[PDB]
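J.: Heads up: the protein sequence lines correspond to chains P, R, Z, X, F and L, in order. For the first sequence, the numbering used here gives the first residue as 27, with consecutive numbering after it. For the second sequence, the numbering used here gives the first residue as 27, with consecutive numbering after it. For the third sequence, the numbering used here gives the first residue as 243, with consecutive numbering after it. For the fourth sequence, the numbering used here gives the first residue as 243, with consecutive numbering after it. For the fifth sequence, the numbering used here gives the first residue as 265, with consecutive numbering after it. For the sixth sequence, the numbering used here gives the first residue as 265, with consecutive numbering after it. Built from N, CA and C at the ideal position, the CB exists for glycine as well.
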Amino acid sequence: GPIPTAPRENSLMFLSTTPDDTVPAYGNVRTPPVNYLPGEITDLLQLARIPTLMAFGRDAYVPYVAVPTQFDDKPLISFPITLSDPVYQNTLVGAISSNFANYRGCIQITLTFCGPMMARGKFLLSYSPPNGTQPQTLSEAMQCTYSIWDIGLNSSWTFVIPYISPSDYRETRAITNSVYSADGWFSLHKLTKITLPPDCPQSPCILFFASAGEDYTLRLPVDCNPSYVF
Amino acid sequence: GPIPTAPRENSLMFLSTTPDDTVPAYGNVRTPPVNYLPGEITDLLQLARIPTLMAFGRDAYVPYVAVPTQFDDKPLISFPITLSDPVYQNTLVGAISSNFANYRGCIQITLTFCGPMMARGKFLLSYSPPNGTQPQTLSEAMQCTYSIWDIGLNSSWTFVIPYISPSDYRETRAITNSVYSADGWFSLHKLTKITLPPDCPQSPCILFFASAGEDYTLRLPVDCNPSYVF
Amino acid sequence: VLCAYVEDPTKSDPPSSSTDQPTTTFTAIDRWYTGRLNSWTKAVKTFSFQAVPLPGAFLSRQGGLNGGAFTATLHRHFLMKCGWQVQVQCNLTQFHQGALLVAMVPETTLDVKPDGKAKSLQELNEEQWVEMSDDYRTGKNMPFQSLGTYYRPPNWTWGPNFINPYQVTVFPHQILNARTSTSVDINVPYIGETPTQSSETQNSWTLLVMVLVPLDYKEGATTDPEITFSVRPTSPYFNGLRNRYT
Amino acid sequence: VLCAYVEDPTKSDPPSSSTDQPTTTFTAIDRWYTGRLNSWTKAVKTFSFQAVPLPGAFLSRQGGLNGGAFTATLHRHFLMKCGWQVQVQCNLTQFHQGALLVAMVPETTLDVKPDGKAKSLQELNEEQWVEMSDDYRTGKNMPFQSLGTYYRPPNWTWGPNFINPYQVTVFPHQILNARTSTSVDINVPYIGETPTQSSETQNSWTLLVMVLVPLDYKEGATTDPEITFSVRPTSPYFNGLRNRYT
Amino acid sequence: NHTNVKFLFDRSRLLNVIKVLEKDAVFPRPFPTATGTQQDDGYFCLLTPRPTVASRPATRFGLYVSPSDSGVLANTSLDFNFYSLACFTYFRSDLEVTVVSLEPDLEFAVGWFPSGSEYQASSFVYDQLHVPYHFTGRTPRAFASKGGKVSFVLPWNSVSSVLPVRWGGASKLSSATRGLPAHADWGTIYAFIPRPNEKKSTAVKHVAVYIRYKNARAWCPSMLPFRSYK
Amino acid sequence: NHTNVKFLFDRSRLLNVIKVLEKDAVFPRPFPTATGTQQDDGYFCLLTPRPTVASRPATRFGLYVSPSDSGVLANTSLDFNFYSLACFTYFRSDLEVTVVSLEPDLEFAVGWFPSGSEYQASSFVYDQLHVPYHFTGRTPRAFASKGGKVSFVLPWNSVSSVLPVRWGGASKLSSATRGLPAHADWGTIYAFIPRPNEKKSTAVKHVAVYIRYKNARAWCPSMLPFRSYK
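#1: What's the C-alpha gap between residue 493 of chain X and X/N397?
#2: I'd like the span of the alpha helix (DSSP H) that includes P/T44, first residue to last.
#3: With distances taken between CB atoms, is the gap from X/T438 to X/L366 smaller than 9 Å?
#4: Taking the beta carbon of Z/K323 as the centre, do at least 16 other beta carbons fall within 10 Å, making it buried, or is it exposed?
#5: For the region 422–453 of chain X, enumerate the residues whose C-beta is nearer than 7 Å to any C-beta of chain R, in chain order.
#6: Compute the Euclidean distance between the alpha carbons of L/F407 and L/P321, then round it to the nearest angstrom.
#7: In angstroms, rounded to a whole number, what distance separates the CA positions of P/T68 and L/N265?
#8: Is it true that the CB of L/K410 sits closer than 9 Å to the CB of F/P368?
#9: Interface residues of chain Z around F/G326 at Cβ under 7 Å?
#10: Need the endpoints of the alpha helix (DSSP H) that X/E365 sits in, please.
#11: Tell me which same chain residues have a C-beta within less than 7 Å of the C-beta of R/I122, skipping the five on either side of it?
#12: Kindly indicate which residue of P/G141, P/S110, P/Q115 has the alpha-carbon position closest to the one of P/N128.
#13: Check this for me: beta carbons of Z/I433 and F/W420, under 9 Å apart or not?
#14: Identify each residue in the region 377–398 of chain L for which the Cβ-Cβ distance to at least one residue of chain R is less than 9 Å, and report them in chain order.
#15: Hey, could you find the ends of the alpha helix (DSSP H) F/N345 is sitting in?
#16: For a test of the three-state rule: what should DSSP assign to Z/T380, helix, strand or coil?
#17: Using a threshold of 9 Å, state whether the C-beta atoms of L/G412 and X/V354 are closer than that.
#18: Looking only at C-alpha atoms, which of R/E197, R/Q96, R/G65, R/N36 sits nearest to L/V414?
#19: Consult DSSP for residue 303 of chain R and reduce its assignment to one of helix, strand or coil.
#20: Assign residue 511 of chain Z to buried or exposed, taking buried as 16 or more other Cβ atoms, counted over all protein chains shown, within 10 Å of its Cβ.
#21: Could you list the residues in the region 479–490 of chain F with a C-beta less than 7 Å from some C-beta on chain Z, going in chain order?
#22: With a Cβ-Cβ cutoff of 9 Å, do Z/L454 and R/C140 count as a contact?
#23: So what does DSSP say about X/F404, is it helix, strand or coil?
#24: Report buried or exposed for Z/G306, applying the criterion of at least 16 other Cβ atoms within 10 angstroms of its Cβ.
#25: Determine the closest residue to X/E369 out of X/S254, X/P467, X/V286, X/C245, with distance taken between C-alpha atoms.
#26: Starting from X/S259, find everything on chain R with Cβ-Cβ shorter than 7 Å and list it in chain order.
#27: Strictly below 8 Å CB to CB, what residues from chain P border R/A32?
#28: Quick one: what's Z/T265 bridged to in DSSP?
#29: Check whether the region 228–244 of chain P touches the region 74–84 of chain P, counting contact only when three or more Cβ pairs, one atom from each stretch, lie closer than 8 Å.
#30: Report yes or no: do the region 359–366 of chain L and the region 470–486 of chain L share at least 3 C-beta pairs separated by less than 8 Å?
#31: Per DSSP, what are the beta-bridge partners of L/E360 in this structure?
#32: If you draw a straight line from the alpha carbon of Z/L244 to that of X/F480, how long is it in whole angstroms?
#33: For Z/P385, tell me which candidate among F/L393, F/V426, F/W431, F/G401 has the shortest Cα-Cα distance.
#34: Using a beta-carbon distance below 9 Å, is Z/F337 in contact with chain R?
#35: Quick check on the burial criterion: 16 or more other C-beta atoms within 10 angstroms. Buried or exposed for P/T31?
#36: I'd like to check one pair, X/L483 with R/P101: are the Cβ atoms closer than 9 Å?
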């Protein structure tokens, strides 16, 4: 006879993200084949790992950092490492990951010195953990995690920003995210004063990228910000 | 006890094309046998492949094409290859396939020269791809896909129109269907001037058919046009 | 010989709607039945057909179609079940052009006046060729029901026994061209809604001669070819023996 | 040579949307096509790009890009299916700084006037470098539909063929730096919504030279480097042979 | 296999919009019907793709263009989605009937009686209420819930082996019984509100009858209807 | 694997809020549309993440800022949750449509017709009631219960192999047909109250159309939309 079924309390409820199919209406359709198209994106972490340009206030922002010839004990640029920060809005790290809720991995800033060929000098690349006050002095930059980038064979340096966090994942749209302030600070410092040859232009430009590490992982898709369309 | 079932969001919905049965009301009926009837249509592509007459404006249209004795550098007839075109409304290609949404295959125009027996001549049969302007000149017809039909042993020629399309299937009720215009053009050109013997009638008639190739396939049944009944 | 739907239309089992022995034969079964059919001239327009209903022709004797002892066997049995075999000849010379379409149309009412009952033999001689009008294309001349004075008579706009004249080559057909052949050869088996239909009132097939290309000949040359035909039933199965039909 | 999405972009099957033999070759397939492109100066701002549509450049002859017998084969076939191979040279000396971004953008309308139809050859000489305004970032200049006088024309605020100028390095790209290289080498395969698109009206790729760092050179030193390019189709498959396009 | 005959006709489509009975019916008297016959018109849906008139099988199909006042209009039904794709002569299939209400929150009920049988037209007085004789019977009288849909699959019940899509014989004797098959139907249905006759309301409630042809089998290839050129 | 493309787009989201038909519709005439054309606007939901206008595929997306009185406003739809995470060029998936009512206790019904086909726009007079020709057809017309939700999964029906998220060619000839794909749609749906046209009410009932992309496949990595800095 009839199978006696007791329907549950969520009967006749259309839930949006129900992980199950529905009734096919117009089945038995042979779709045309798509074997000819190359480069199928199986996973959107194939595009967080592609290095895309950052932005810098000096709606006309600048992907590079000008390098003034004045030697000084303060950072040449120092932006905080937060994926809601407006130096990451138009990357592919901070634009994919802003539409999610949690991340875990290593942001990988790829540098590119776009100055002349016979430039010689060193740069210091200090990532700081989130402290109560932003590090400015080069002495305050040596004590953090650093790596010295020379303009030698390395006209392109990929400084892997570490993942140091009291939780397994981080809130990806949050200014604070943690204890008191701003989640860290990358800071490109100039270490020795830069020898630019004459009849070659002074004030070179260093071009910054922002990719993601191989262990970069995301979680919990949220409804995105639809304010790209206005 | 009762099996706890949670009914879905489409409960108590009668969908028209649900691929499933329903409750039998008056079962256990032995139908009378139908083994005696010959010719069971298993598949309606058994009738798209049967050559049926076309129509031509000169509601009294004409299945043939009159052949005037005037030799000329313009096509004797040239109709576009579109299955919504009114030279295909009363075939079995364009009447079966109009009630569907997509097709894929080779229209097969079967010719039949209905003139006298001692006629001698050649015809050129140029299918063109969809170009911005319809080909008219016989020089414009040689450069396309052609085949030379002689009035020899071949008083019946089946010119297979190729399937050249940027998609796997084609919209079967659409004037445009593709890039700018009209999907192609078959064009029966006369190549040498036709020797008709005297005391045999001038101006013969060539009778056109429209079958489908062996690889002709259809897809996505749609609700038909009920304007045959008014 | 254009066989229809099978390799051998002579193969036919006895009907499963009878309990008696079928009269499988009669006194002359290996002979044809030749009848006249109206001559084809220049004034015949395109698609002007001419229908020969089977076995409606053996009874009304359309064109001298004398049925011999097949009509006198069909009148003495109730259910009849045969497959036909027609053969239309027409002496197309080299001096003619044009193309008949000889088909065997299943289940149509083409001998019916688009305005009444059934055609006579004089009215088949007056018109000589039935013009494909809007009625025969839309099926608007299969006989309308007498609804009566109660129901308001609807505007009959369509009927499913039409001819789409551009699609008649779906049937068992051979084109009687001016320069390929002079005669057709069609052989069809039995069809029907029942395993055997009636005898006096069945129209399971219909010989159909349709002009696809109008006849043209030079003046003084060979004029106006005659059309004959030859109907011959293949494996009939007569059931329900009774006296002659009244 | 920056191959795109595969190890070998030369590997390409014939299209599955044809029933005829594809014209797989033409009279000079192992040669390049060199065209001019506008020179890069100090006054070029950041992100001021310059697009070379493929195969939109072989037809309009953008910068003297003569297609030889590839344009005269593209005009004589309906469906065309090739993978491109560009090579942008620019004589960056030691005395320059700056970095071009040479990419092959899939499916964009960057040769289209943010205010009309398609660009001419004189208007590509007047502006010399297309400034990345709010329109090209928001896609607000791909051509709006003529809705007509009936529908009130909506305020078009976005279009999906934008450039996000900070994300152009996702494409097949090589950065033409002042001190790593002087020329790029990009090789891309065929893409498209169909297995083969049209010939006269396809824009499946687009050569794109974008200024990431503005050019700076000392006065009296080497001035204003020229930009050339060299487009060359790899394994084309021409379908639908017809006469020359009108 | 979207041109498959078993697949193509296996989908639901409209047949007729019949009125719902609220008393013991009088089945429509056979043709011709003289004036003054008290009967109940258009309440019965003769389940056949062939044209009908007054719930009886018709030769032709006929609608009304200027339906003036004199006379009783007749419910003429036709399966428009069938004949445009019925390029065949015979068609045996098992019918699946779905009766959708066209009245807000209607409790109706669907009778049926087979091919060749007849409606039982009287009433028995249960508890001083005229309960009609279509509440009972050996045939399926499916009952709908308040606002529900009646659905069941009917077998090929008729005494004909197949249903002639095109028929040329004569069911009775000749003179306007040509092309009129008598036993080409899956039966007839009718809707009735399951209340006795003293609770007959004043409104005239309609209901709609859908049809799905389960296990379609078609024989004897034939034509498709003529499409005009206007 | 929350960045998985098959997982990320496999969830329901809003597309358009379309009005429910109460008569036989007139499908919106193609662009450009002159004034005085009597038609039915905004009743059709062209099922595509790409921008639409007047139920036809559009190049750009456009909303209204100050919608004054002169002219007919146009239902422009866009998938906001798609393009912010559509960092790719091509996207083939099987659509799952859910039609949620925005009217208290509405009995509606959802038509459909495939990519390339067209709406059947007339009415047949059943029982002196104008029943339109969108109650019947070979395409799915799913029926909702009184206060229910219509849900079904549609296949990739279009003649394009994939849907171009970004397209640069020209469907017809040039001059404002650049970047306008013609066959990038899963079809079109529309809601209709299943009552005949003489029971047309006066209120204008809306309904909402959801979308789930079953079995998402994305190709050719591309950009994400530009986020402003204000």
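T.: To lay it out plainly:
#1: The requested residue 493 of chain X is not part of the displayed model; chain X covers only 243 to 488.
#2: Here P/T44 belongs to no alpha helix (DSSP H), and DSSP marks it neither H nor E.
#3: no
#4: buried
#5: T436, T438, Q439, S440, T443
#6: 27 Å
#7: 10 Å
#8: yes
#9: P396, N397, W398, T399
#10: 365–368
#11: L70, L73, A74
#12: P/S110
#13: no
#14: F377, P378, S379, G380, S381, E382, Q384, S386, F388, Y397, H398
#15: 344–347
#16: helix
#17: no
#18: R/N36
#19: A query on residue 303 of chain R cannot be resolved here, the shown segment of chain R reaching from 27 to 256 and no further.
#20: There is simply no residue 511 of chain Z to check, as chain Z begins at 243 and stops at 488 in what is shown.
#21: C484, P485, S486, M487, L488, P489, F490
#22: yes
#23: coil
#24: exposed
#25: X/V286
#26: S191, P192, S193, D194
#27: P33, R34, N36, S37
#28: Z/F480
#29: yes
#30: yes
#31: L/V417, L/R476
#32: 44 Å
#33: F/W431
#34: yes
#35: exposed
#36: no
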